[PDB]
Amino acid sequence: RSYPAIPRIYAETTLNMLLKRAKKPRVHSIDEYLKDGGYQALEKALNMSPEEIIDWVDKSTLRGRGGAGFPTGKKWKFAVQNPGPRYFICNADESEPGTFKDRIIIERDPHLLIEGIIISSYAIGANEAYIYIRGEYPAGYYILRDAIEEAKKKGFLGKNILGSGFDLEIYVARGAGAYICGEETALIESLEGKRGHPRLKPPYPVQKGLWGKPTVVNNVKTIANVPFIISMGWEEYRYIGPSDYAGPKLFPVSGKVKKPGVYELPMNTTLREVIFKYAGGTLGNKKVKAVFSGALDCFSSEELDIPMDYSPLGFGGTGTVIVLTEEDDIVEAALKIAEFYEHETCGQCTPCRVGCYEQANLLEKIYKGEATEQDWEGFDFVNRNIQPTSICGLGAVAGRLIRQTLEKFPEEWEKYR
Amino acid sequence: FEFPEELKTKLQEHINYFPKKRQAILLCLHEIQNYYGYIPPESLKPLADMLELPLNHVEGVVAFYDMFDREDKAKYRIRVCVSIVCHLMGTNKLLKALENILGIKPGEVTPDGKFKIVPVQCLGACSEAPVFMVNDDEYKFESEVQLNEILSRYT
Ligand SMILES: Cc1cc2nc3c(=O)[nH]c(=O)nc-3n(C[C@H](O)[C@H](O)[C@H](O)COP(=O)(O)O)c2cc1C
Ligand code: SF4
Ligand code: FES
Ligand SMILES: [Cl-]
Ligand code: NA
Ligand code: NA
Ligand code: NA
Ligand code: NA
Ligand code: NA
């Protein structure tokens, strides 16, 4: 079974949960999964009522791993309060710069994800589930299709799964190059065969979603926790890591570190610990200048001792850690972030459309040294006016990292003016 | 304009796969580019029909998704990431090696219509930066000698 070639992303874990198998860079098929006790949580769950599963996932304190951190149990409860049919969607668009964690669970432990989807679908009474995977992940698509066929041959999918009365089919859909299709509402739009335009909220997907029906969209990693919760029980799971943010957390570390890769760690872990204790310190032992929290935030070297949690003075985001050392031009890097937002705005909202283009256009001029004084004052203006009238989060944050970079590295910007 | 039957089969298969048939528009478009080495403009009228969809809907979809190309036919698309992480780790070294080897820059096809360099945003492999794909296969760039061996696999 040949799949397309994949770089072997390094992976390390201290909890031995989501990365139990995925820390080795190869496809774990169903036989090997069954030997580690795979699909036994499914069997367990099918002898409990859907309600009981909702309650367990709620009591676990599992929060979403796609960014918002919304309680998964509450989201499921909201959806079941609305009459069916109901749909279950696995968000695998992972297109944010610096994020490569979801792909390793998909390419290495697909049956962990499939097992979670089946349990979760049964909890919300969904008989149709979708995995929406970005189109630049062709290998993960083909691996998922083969794994679904395996689970079906073993009686984990189809009609009347293991004599339970539950029917489930999992459809695998692909993207075609659009970061915005990771926003849950634009994903549903893409799933409907349309352009990936975010819908206005409310309504939220749990009331009106796919074909207007109650729809739960969950991230790959949120779903991958569900088998563990069923297997260990809610009380045991909730004691993992910090109380405020329980469970295994996945940190994608890239840039100027010696051991770039995915790390499974508790969230009480510090930013310095991630870089130095786990990721092998900086490359060449150069001093750290800044950490880019994906394309969302910019932390300086005077903020390395912060908990990697969702707290006041926390790191937040999706815990994405891109390291920049002393020799790296952060206005050259700021331009790179600008250019991301320029290529990814869907265009619906005027300030986002125009502001994302103009931020990148002008910063290029500033970088190349051909910006007039009016180009400078306009850059500043455009940067603080991408947000207005926007109906999704991309507009809200397109100027954010860059604004922090102006506030935290003024000396480096003055060099360009 | 009609598709070869070889190709119509695959498209019917995608269209039967999902519950409603219009959900298969991206898989049909992927399959057409795969087969022709681009999306021919003349291909979109018969696709729209199989999907029971108006032409201008399909036009807006092709235009929205960045993987699809209607300008240039190319056997092997070399997708080169230009986002923050790969920039830091040597996108410019990769593009230079590509220029030395293939004689082309981003957005150009080779004169034999074999390779097109396509600048793309983050490819979700940033730990192995700088990253590039050759159609579905994906790699880290280490050096020009290494790149040259990889490209020599694609005949
Ligand atoms: C522009 C944008 C991109 C997003 N990309 C992703 C993504 O790649 N994956 C993801 O799970 N959530 C992404 N989200 C968040 C989703 O809309 C949604 O909150 C999430 O899929 C819910 O699942 P969760 O409860 O498991 O976190 C994105 C949001 C925005 C505004
Ligand atoms: S804020 Fe930007 S990306 Fe979001 S819907 Fe509006 S135009 Fe599209
Ligand atoms: S920045 Fe190039 S793959 Fe992520
Ligand atoms: Cl959101
Ligand atoms: Na077996
Ligand atoms: Na399948
Ligand atoms: Na994308
Ligand atoms: Na990729
Ligand atoms: Na290497």
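Structure summary
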read-out	value
3J(HN,Hα) from dihedral phi, region A:151-156, Karplus parametrisation 6.51/-1.76/1.60, rounded to Hz, x for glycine, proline	5, 6, 4, 9, x, 8
Which listed pairs, of A:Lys259/A:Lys415; A:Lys365/A:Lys408; A:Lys24/A:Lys408; A:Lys24/A:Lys74; B:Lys45/B:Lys116; A:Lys256/B:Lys93, have C-alpha distances above 28 Å, in listed order	A:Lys259/A:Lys415; A:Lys24/A:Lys408; A:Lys24/A:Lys74
Candidates A:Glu43, A:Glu107, A:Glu184, ranked by Gaussian network fluctuation over chain A, Cα under 10 Å, top entry	A:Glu43
Anisotropy class of region A:104-236 from Cα gyration tensor, a/c 1.5 cut	prolate
Size descriptor, Kirkwood hydrodynamic radius, that averages inverse alpha-carbon separations across region A:11-238, Å	17.4
Degrees separating the helix A:50-59 axis from the principal Cα axis of chain A, which is the longest one	40
Cα convex hull of region A:1-56, projected area averaged across orientations, nm²	5.9
Computed label-point distance, nm, for sites A:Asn385 and A:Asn127 using a 7 Å Cα→Cβ extension	5.4
Dipole magnitude of region A:260-322 about its Cα centre (Cβ charges: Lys, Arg +1; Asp, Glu -1), debye to nearest 20	300
In degrees, nearest ten, helix A:110-124 long axis to first principal axis of chain A (Cα)	70
Cβ-based charge dipole, the protein assembly as shown, positive-most Cα from A:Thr389, A:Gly247, B:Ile15	A:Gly247
Leading residue at positive end of dipole, chain A (Cβ point charges), from A:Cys298, A:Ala360, A:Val262	A:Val262
Computed [θ] at 222 nm, helices only, for chain A once each DSSP H run of length n ≥ 4 contributes -39500 (n - 2.57)	-11000 deg cm²/dmol
Distribution of pairwise C-alpha distances over chain B, 5 Å bins, in %	2, 9, 17, 18, 16, 13, 11, 8, 5, 1
Selected from B:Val61, B:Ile84, B:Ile101, residue furthest toward positive end of dipole (region B:57-119; charges at beta carbon)	B:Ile101
Antiparallel bridges, percent of DSSP beta bridges restricted to chain A (to nearest 5)	45
Derived scalar couplings ³J(HN,Hα) [region A:356-365; Karplus, 6.51 cos²θ - 1.76 cosθ + 1.60; whole Hz; x for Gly, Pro]	5, 5, 6, 4, 6, 4, 6, 4, 4, 4
Net charge dipole size for the protein assembly as shown [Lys, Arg +1 and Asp, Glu -1 on Cβ; Debye, nearest 20]	1040
Ranking of A:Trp76, A:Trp376 by count of other Cβ atoms within 10 Å, fewest first	A:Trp376, A:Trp76
Region A:367-417: GluC sites (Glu not before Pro) in DSSP coil with no more than 12 other Cβ atoms inside 10 Å	A:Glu370
Kirkwood-based shape ratio for chain A, expressed as Rg/Rh from alpha carbons	0.98
Global size of region A:247-325 as Cα Rg and Dmax, reported in angstrom	11.1, 34
Gap separating the Cα centres of region A:15-34 and region B:1-75, nearest whole Å	36
Charge dipole magnitude, Cβ of K and R +1, D and E -1 - chain B, Cα centre, debye nearest 20	200
Of the GluC sites (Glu not before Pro) in region B:5-103, those whose Cβ has at most 12 other Cβ within 10 Å and which sit in DSSP loop	B:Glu52, B:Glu71
Residues A:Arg195, A:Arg134, sorted so that the one with the fewest Cβ neighbours within 10 Å comes first	A:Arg195, A:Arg134
Cleavage-rule hits (chymotrypsin sites (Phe, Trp or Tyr not before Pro)) in region A:238-333: DSSP loop, at most 11 neighbouring Cβ within 10 angstrom	A:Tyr239
Greater than 26 Å apart at Cα, pairs in A:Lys35/A:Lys75; A:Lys35/A:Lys277; B:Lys73/B:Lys96	A:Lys35/A:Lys75; A:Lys35/A:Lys277
Order of A:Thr389, A:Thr269 - criterion: other Cβ atoms within 10 Å of each residue's Cβ, fewest first	A:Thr389, A:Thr269
Label point distance in nm, A:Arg8-B:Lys96, each placed 7 Å from Cα along Cα→Cβ	2.9
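No value in this document is a laboratory result; all are computed from the given coordinates. Ideal geometry is used to build each Cβ from the backbone, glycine not excepted, and the neighbour counts take in all protein chains shown.
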